[PDB]
Structures are given as structure tokens and as C-alpha cells.
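# Understanding the architecture of this molecule
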Amino acid sequence: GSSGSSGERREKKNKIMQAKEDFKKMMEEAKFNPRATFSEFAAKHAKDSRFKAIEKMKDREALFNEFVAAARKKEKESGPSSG
């Protein structure tokens, strides 16, 4: 089945952006395999201070789910944002 979040509550600070960046970027560099599970990935890159920034389980599962969702295949039925 599908999962994820819809409409989060950001604060009046540049904390989220910063983190999200280090996270999304940190993973992009790792170029890990989609076969692995979120749990493993988390622990694998848990020591990474930046990674620690993302505690909100939902946030991790979400950011990860999307990352792997695209990593495996790009030409798939997906279109959350137009841009």
C-alpha cells in the first residue's frame, strides 16, 4: 500500500530547510540500493549528525519512501507537484 504525509507544520525558522537539504543531499550522494529497508538505512547513516536532525519518524519514512520510490524507477505514475 501507499503511505506518506499531507500538509505539515513548519516553524518560523530555517531549521527544516537546512536539515531537509543535508538529508535529501546526503542520500543523493550515498546512492544506496532501494532493496534495503528504511530501518537499515537509518542506522547505517544514523551516526551522521545531520541525519539525526530528522527524528520525526513520519518525516524519515516520507523523505525516504519518495527517495527510494524514484531511485528504483523514474518513469512511474507519480505527479505530486507540477513545478
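Residues numbered from 1 in each chain as written, not as in the entry; some residues may be left out. Heavy atoms only, no water.

With 14 residues, the main nonpolar core has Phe23, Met27, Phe32, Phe41, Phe51 and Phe64 as its most contacted residues. Mapped onto this core, the elements with two or more residues apiece are helix 1 (15-30), helix 2 (38-44) and helix 4 (57-72). Among all residues touching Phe23, those that are not within four sequence positions of it are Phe41, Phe51, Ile54 and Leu63. (Core = buried A, V, L, I, M, F, W, Y, C linked by side-chain atoms within 4.5 Å. Buried < 20%, exposed > 50% of the residue type's maximum accessible area, 1.4 Å probe, protein only. Helix = DSSP H or I, 4+ residues; strand = E, 2+ residues; numbered from the N terminus. Contact = heavy atoms within 4.5 Å.)

One pass over the full model with this rule turns up eight aromatic pairs. Geometrically, the ring pair formed by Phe41 and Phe51 is edge-to-face, given 6.0 Å between the ring centres and 65° between the ring planes. Pair noted here: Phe41 is in helix 2 and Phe51 is in helix 3 (residues 49-53), with a separation of 10 residues, a long-range link. Its relative accessible area of 4% is what places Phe41 among the buried residues. Counting every residue linked through ring pairs, the aromatic cluster contains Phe23, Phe32, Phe38, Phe41, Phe51, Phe64 and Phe67. (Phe/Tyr/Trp six-rings, centres within 6.5 Å; stacked < 30°, edge-to-face > 60°.)

Every α-helix carries 3.6 residues per turn, so stepping three or four residues along brings you back to the same face. When the terminal C-alpha atoms of helix 4 are compared, their 22 Å separation across 16 residues agrees well with the 22 Å that a helix rising 1.5 Å per residue should span. Listed as buried for helix 4 are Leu63, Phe64, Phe67 and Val68. Here the buried residues of helix 4 occupy an arc of 125° about the axis, which is enough to place them on one side. Each element contacted by the buried residues of helix 4 is listed here: helix 1 and helix 2. (Expected span 1.5 Å × (residues − 1). Arc of directions from axis to C-beta.)

Another aspect to go through is the packing of helix 1 against helix 4. For the pair helix 1 and helix 4, the least separation of the axes is 11 Å and the interaxial angle reads 35°. The two elements helix 1 and helix 4 meet at a crossing, and its hand is right-handed. Between helix 1, through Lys20, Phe23, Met27 and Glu28, and helix 4, the contact on the second element is made entirely by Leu63, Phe64 and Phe67. When the residues that make up the contact of helix 1 with helix 4 are grouped by side-chain class, the tally is five nonpolar, no polar and two charged. (Axes fitted to C-alpha atoms, helices over the stretch in contact; angles between N-to-C directions. Left-handed = near helix turned anticlockwise from the far one by under 90°. Nonpolar A, V, L, I, M, F, W, Y, C, P; charged D, E, K, R; others polar.)

Despite not being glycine, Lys31 shows a phi value in the positive range, around 50°. Structurally, the position occupied by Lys31 is in the loop between helix 1 and helix 2. You can call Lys31 exposed: its relative accessible area is 69%.

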